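Each residue of the sequence shown is one higher than the one before, counting from 1 in the numbering used here.
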Amino acid sequence: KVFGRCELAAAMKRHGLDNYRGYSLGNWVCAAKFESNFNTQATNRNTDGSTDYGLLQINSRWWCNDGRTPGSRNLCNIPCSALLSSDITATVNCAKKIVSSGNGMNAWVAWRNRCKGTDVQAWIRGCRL
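Here it is in structure tokens:
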């Protein structure tokens, strides 16, 4: 499913991402924008052979099992396909683990490169939250 900006902001808020580990809602929305263009079905294969899945492009080498990433750790305990659902719950729960892993949101290259240090609050502006 392709979300709208505010529709996504709201779903994420409801799922407790707002200020989760210190990151304001706009950080999450900005990341989803750049990681997947708000499309939950987005997938991208990496050279190492792992693949990224979902709104937040969560990686199969560490976080989810896709059956084709040798020596993947499956930290979030879910099949990668679950990250493509229109129901963002698995994505959200897995994101919470990742962001809690040490490097915060820097785990998301697109956030680091396109969101970090910018005015992310613009991402939730005009939204009924």
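By construction, the Cβ of each residue, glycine as well, lies at the ideal position given by its N, Cα and C atoms.
Closest residue to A90 among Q121, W63, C30 and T118 (Cα-Cα distance): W63
Pair within 9 Å by beta-carbon distance, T40 and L55: yes
CB contact below 9 Å: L55 versus chain B: Given the protein chain composition of this structure (a single chain), no chain B is represented.
C-alpha gap between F3 and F38, whole angstroms: If I take the Cα positions, the gap works out to 5 Å.
Length of the line joining the Cα atoms of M12 and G71: For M12 and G71, the gap between their C-alpha atoms comes out near 31 Å.
CB-CB length for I124 against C94, believed under 8 Å: Actually they do not touch by this definition, with Cβ atoms about 22 Å apart.
8 Å contact criterion, which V120 and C30 should meet: CB distance rounded: 5 Å
Cβ shell of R21 (< 7 Å), same chain only, five flanking positions each side left out: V99, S100 and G104
Classification of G26 by the beta-carbon crowding that lies within 10 angstroms, buried from 16 upward: buried
Boundaries of the beta strand (DSSP E) in which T47 is found, first to last residue: Per DSSP, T47 belongs to no beta strand (DSSP E) and is neither H nor E.
Nearest candidate by alpha-carbon position, reference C76, set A42, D87, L17 and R61: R61
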